[PDB]
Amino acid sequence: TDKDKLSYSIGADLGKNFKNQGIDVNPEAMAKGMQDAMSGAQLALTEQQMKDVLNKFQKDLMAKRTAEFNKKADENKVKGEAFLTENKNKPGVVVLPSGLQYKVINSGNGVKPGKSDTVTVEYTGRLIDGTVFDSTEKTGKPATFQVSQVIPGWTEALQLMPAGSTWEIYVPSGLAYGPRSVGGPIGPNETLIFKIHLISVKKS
């Protein structure tokens, strides 16, 4: 029946998650507790008891995540440097003192923005694996930022770009979000790629 239908779905949903993480269990004793709970029956474990163990489960989960995080970080830095080394050679790529690299898609003729100016742009940011994490295409509307409020790579690139230009920049993690990053698709020590079209400079 409709009941039977959903129940499976929820558990299928749940069960995957656990596994994918690190929750090594036995759905038999686990199915047991569920029935106790719903039947409002007396629980095989003291409120305290459970909490005591759950509290230890999370603490150990936290340890696990931190493990992955620090491992991902070391991994992405390694991948990040391989990408840039590989890219340094590619046709049209210029490498700057800061390690920031760019390739000119189309050169503009307007003024280059200063450190304090406001800029209007259109862009798409992607990870080395093509995954798009941000872009003005979705919103269909250009973005406006103050040159100094953006990530270092952008700050470094914009000061070199004539208004009207379209560059593709390749950003070392130290010039993007760095070792930290419990944010969106961007992880720790992730090197990023951006296609940036600088529309105009507001020397405000």
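From 1 onward, residues are counted along the sequence shown.
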item: Selected stretch [higher average CA B-factor]: 105 to 113 or 79 to 87; value: 79 to 87
item: Stretch with the higher entry mean CA B-factor, where the candidates are 155 to 163 and 131 to 139; value: 131 to 139
item: Top residue by Cα temperature factor, when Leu175, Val150, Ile169, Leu43 are compared in the entry; value: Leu43
item: Residue selected from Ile196, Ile186, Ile23, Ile193 by maximal Cα B factor; value: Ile23
